[PDB]
Amino acid sequence: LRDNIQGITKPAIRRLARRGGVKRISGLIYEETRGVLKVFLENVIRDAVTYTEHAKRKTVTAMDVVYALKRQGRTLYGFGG
Amino acid sequence: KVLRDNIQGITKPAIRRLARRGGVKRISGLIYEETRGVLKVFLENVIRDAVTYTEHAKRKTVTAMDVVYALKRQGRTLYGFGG
Amino acid sequence: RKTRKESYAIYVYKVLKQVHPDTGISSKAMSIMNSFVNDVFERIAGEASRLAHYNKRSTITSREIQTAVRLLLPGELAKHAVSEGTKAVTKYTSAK
Amino acid sequence: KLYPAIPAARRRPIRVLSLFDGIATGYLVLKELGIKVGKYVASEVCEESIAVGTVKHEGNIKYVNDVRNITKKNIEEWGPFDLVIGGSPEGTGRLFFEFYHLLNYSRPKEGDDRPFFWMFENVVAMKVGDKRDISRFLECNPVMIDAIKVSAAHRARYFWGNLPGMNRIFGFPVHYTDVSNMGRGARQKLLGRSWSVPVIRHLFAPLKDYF
Amino acid sequence: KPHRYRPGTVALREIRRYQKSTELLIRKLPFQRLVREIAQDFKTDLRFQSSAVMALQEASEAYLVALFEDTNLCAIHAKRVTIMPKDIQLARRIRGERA
Amino acid sequence: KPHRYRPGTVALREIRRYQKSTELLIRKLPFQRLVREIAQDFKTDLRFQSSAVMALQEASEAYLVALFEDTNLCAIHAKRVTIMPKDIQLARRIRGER
DNA sequence: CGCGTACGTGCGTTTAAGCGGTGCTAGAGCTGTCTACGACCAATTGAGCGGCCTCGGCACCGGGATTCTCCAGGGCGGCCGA
DNA sequence: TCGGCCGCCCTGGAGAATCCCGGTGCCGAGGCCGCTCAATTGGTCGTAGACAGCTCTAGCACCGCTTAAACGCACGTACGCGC
Ligand SMILES: [Cl-]
Ligand SMILES: [Cl-]
């Protein structure tokens, strides 16, 4: 239950960087990117779980993640709204 | 009288003082024109919103509350003049 | 089992047929347009409510929505939307 | 260079040669100049402009089936032309060189006092080598007029021509903008109609003092 | 006899291929495991809709693609074509997320 | 010849002096003229409270100081101590105001 | 690591910001009247939503043209150095 | 005086990838039907706001000193920049 951040693989971060337009990727990128992604997911899942707590539910709906991302100024379309 | 050429009123030493408060050691020469441009576009957006708030308030004097509401709306909340 | 979640889906499709009569739209893109309408709606009604609280007023009229549009839409998009809105309020106030 | 203006007591109708145009702009804008047409000759490779002309423009226009058909004999037979215009709705170079070749047939010789006016249009997405070559061929410099005063799109345009007052006179209006805003297809008319009607009447404004 | 390309050409080819595509680049199940692992430290026995994890993945990949865009601009600005954690830290610092 | 300092020492001295101070660095009256000039292109005959122009000046100087902070970080990142319009454009691009 | 250039420092010059005065008046701001505009209530009904269906637009496998990539060779000086 | 290797320019042809073009399946979007509940209309009050008037605050305008700071010029050396 600790190698789940390693599930964000080196090919997957490379594909993401290719979509971002990156030509060359140093080796120290990948651990840093796993870290930054983990911090972003910490903030988002923290807010979404807070919203789940307020609704007295046990499951996290997609509307909760939409409301969380909307609160954090990154509005997401296509999941209700 | 139509006011013109007031962007030059943001003088070179004032931009240098602003650079010093930002921690800048050395300043190239095109910084001053670029900075006058960026400050002009910033004041364009902010004064545009404040003028809009004046328009809807049926007034002709831009209050400090209008500029506070405008800066706050753009995600830069200014303390000291209300809100 | 009786719960109807409201949406703007038929209205987005009607405006699409009134713009592109031969082009359809998927349900994911329909959801994205629905959430865009809901979002922009909430933004304009938000700004209008804020303006009404600012000016010590409790009645949201077309002028509040108008200056909220002039705030929220960037420039020429705001000019076209204020013209289209004032045209529809003119047509509304002098209809059958 | 300034050309002398004939007084408005001599009301002769304008002979126009419009070469490439999707929706026929020049004859309609000349109808809303307030002056009459002498000769308006159009041509198009495709049949779309021919269909638009045979439906809308009531048959007061002499059409040619192909642009590769107009010779020197057709120009000398269909009267001398006062205006020559080339626009568009890698064939842009082909359009320009057909325009310049038909322009050489319609230009008056050394000795004629007939007022001659021409115009060529294309956007700033041209290669700069094609721009400097067209500047060499036409012996005139283009003007880069941007859609930033009346619009916000990044679609600027170079202009070529023999038009009096075309350097920096164009600015932003508020009344024409306001009257042109009232549409739900406001920016589609901005992308097409705003390039069709207002800019062209703005540039061909002083021709009514001539005729 | 075996053919081999230069690095830049396959790199640019992948840049084009993934800027044309729209599919999710992180796999679904390890991202789901990461989401459950991070959630675990807030409340035990949490459940997730499938569309919730899909929304998390859409926003996470879009966030990292905008991040790598800014990171590439930092690299190019520093006369490099290779991104570095320097560039990621500069990007996040200018965006205001260093907290 | 009289005493003359190195550039870095008076530069760092001014960096220290102005990061300690709190007063407005842009002068009041040319900023007021700039505000009236920019306002002029929205409505003729606009009036301004003094505290409104002071609020504009506080926010404008704070914005430009945060801009020069990000610009200095762009300069330092590019192995330079000189800020450039490259650095200003990079800062505004990453911040999202381009 | 070398070239250079262009920015910072210092001094003299001078432009104007700032402060201190008053006069005036446009306009922010508060008060009274009322009226017209919106909340509140019931009937009704037709527009909008759940369910279904079918079918054609989209996804996908395969083939050929093509289209850029890249390396091999041919000529070409050219550079010496053994 | 010598030709043996060595980087440059051009060009040609393998070669993998990609675009184009049909052929077939498939499944979700377009369309039709019930129905049900909220949109609409008519009517009634209540009070929020449009409007007139008065006031009195401060915002703009002008002028006079006053030095604070901006502008310009030389210069030199430290960092930008190319290799
Ligand atoms: Cl209203
Ligand atoms: Cl690093």
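Residues numbered from 1 in each chain as written, not as in the entry; some residues may be left out. Chains lettered and ligands numbered in written order. Part of a larger assembly, values for the part shown. Heavy atoms only, no water. Residues with missing side-chain atoms left out of burial classes, pairs and counts.

As stated in the entry header, the method of structure determination is cryo-EM and the reported resolution is 2.94 Å.

1. Overview of the overall build of chain F
For chain F, the helix and strand inventory stands at four helices and two strands. Of the regular secondary structure in chain F, the N- to C-terminal order runs α-α-β-α-β-α. Taking all contacts inside chain F whose residues are at least 6 apart in sequence as the whole, residues at least 24 apart take part in 43%. (Helix = DSSP H or I, 4+ residues; strand = E, 2+ residues; numbered from the N terminus. Contact = heavy atoms within 4.5 Å.)

2. Details of the overall build of chain B
Per the secondary structure count, chain B includes three helices and two strands. In sequence order, the secondary structure elements of chain B are arranged as α-β-α-β-α. Compactness check: chain B gives a C-alpha radius of gyration of 15 Å against a globular reference of 12 Å for 83 residues, more than 25% above the reference. Reported as C-alpha extents along the three principal axes, the dimensions of chain B are approximately 45 × 35 × 15 Å. Burial analysis of chain B (83 residues in total) assigns 53% to the buried set. Taking contacts inside chain B between residues at least 6 apart in sequence as the whole, the part at least 24 apart equals 33%. Accessible area of chain B: about 4,100 Å², with a carbon and sulfur share of 50%. Across chain B, 18 positive and 7 negative side-chain charges occur, with their mean positions spaced 8 Å apart. (Rg over C-alpha atoms; globule rule 2.2 N^0.38 Å. Buried < 20%, exposed > 50% of the residue type's maximum accessible area, 1.4 Å probe, protein only. Areas by Shrake-Rupley, 256 points an atom, 1.4 Å probe, with all protein chains shown as cover. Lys, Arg positive; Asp, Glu negative; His and termini not counted. Charge placed at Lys NZ, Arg CZ, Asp CG, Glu CD.)

3. A look at the nonpolar core
Judged by nonpolar contacts, the single largest core of 102 residues is most densely connected at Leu 41 and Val 65 of chain A together with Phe 68 of chain E. Counting residues in each nonpolar core, the second largest holds 25 residues, with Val 29, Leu 83, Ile 85 and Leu 203 of chain D among its members. (Core = buried A, V, L, I, M, F, W, Y, C linked by side-chain atoms within 4.5 Å.)

4. Side note on the packing of helix α1 (residues 10–19) of chain A against helix α1 (residues 7–20) of chain E
The angle between the axes and the distance between the axes are what describe a pair of packed helices. α1 of chain E packs onto α1 of chain A with a crossing angle of 80 degrees between their chain directions and a minimal axis gap of 7 Å. With respect to their mutual orientation, α1 of chain A and α1 of chain E come out roughly perpendicular. Contacts between α1 of chain A and α1 of chain E involve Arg 15, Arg 18 and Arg 19 of chain A on the former and, on the latter, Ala 11, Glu 14, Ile 15, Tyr 18 and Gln 19 of chain E. Among the residues making up the contact of α1 of chain A with α1 of chain E, the classes are represented as three nonpolar, one polar and four charged. (Axes fitted to C-alpha atoms, helices over the stretch in contact; angles between N-to-C directions. Parallel < 35°, antiparallel > 145°, perpendicular 65-115°, else oblique. Nonpolar A, V, L, I, M, F, W, Y, C, P; charged D, E, K, R; others polar.)

5. As for unusual backbone geometry
If you check the backbone angles, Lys 56 of chain A has positive phi at about 55 degrees while not being a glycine. The topology assignment puts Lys 56 of chain A in the loop between α2 (29–54) and β2 (59–60). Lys 56 of chain A gets classed as exposed once you look at its relative accessible area, which sits at 74%. The phi dihedral of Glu 139 of chain D falls on the positive side, at around 55 degrees, and the residue is not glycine. As for its position among the elements, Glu 139 of chain D is in the loop between α5 (128–138) and β6 (143–145). Assessed through its relative accessible area of 74%, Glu 139 of chain D is described here as exposed.

6. Details of the interface of chain F and chain B
Counting from both sides, the interface comprises 55 residues of chain F and, opposite them, 46 residues of chain B. A combined buried area of about 5,000 Å² lies between chain F and chain B, and 72% of that area is made up of carbon and sulfur atoms. Summed over the shared surface of chain F and chain B, the number is three salt bridges. Between the two partners, chain F and chain B, sit twelve residue pairs in polar contact. Top element by residues in the side of chain F that touches chain B is helix α3 (residues 50–77) of chain F. It accounts for 16 residues. (Buried area = accessible area lost by both parts, 1.4 Å probe. Salt bridge = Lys/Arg side-chain N within 4 Å of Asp/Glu carboxyl O. Polar contact = N/O pair within 3.5 Å; in protein donor to acceptor, adjacent residues only side chain to side chain.)

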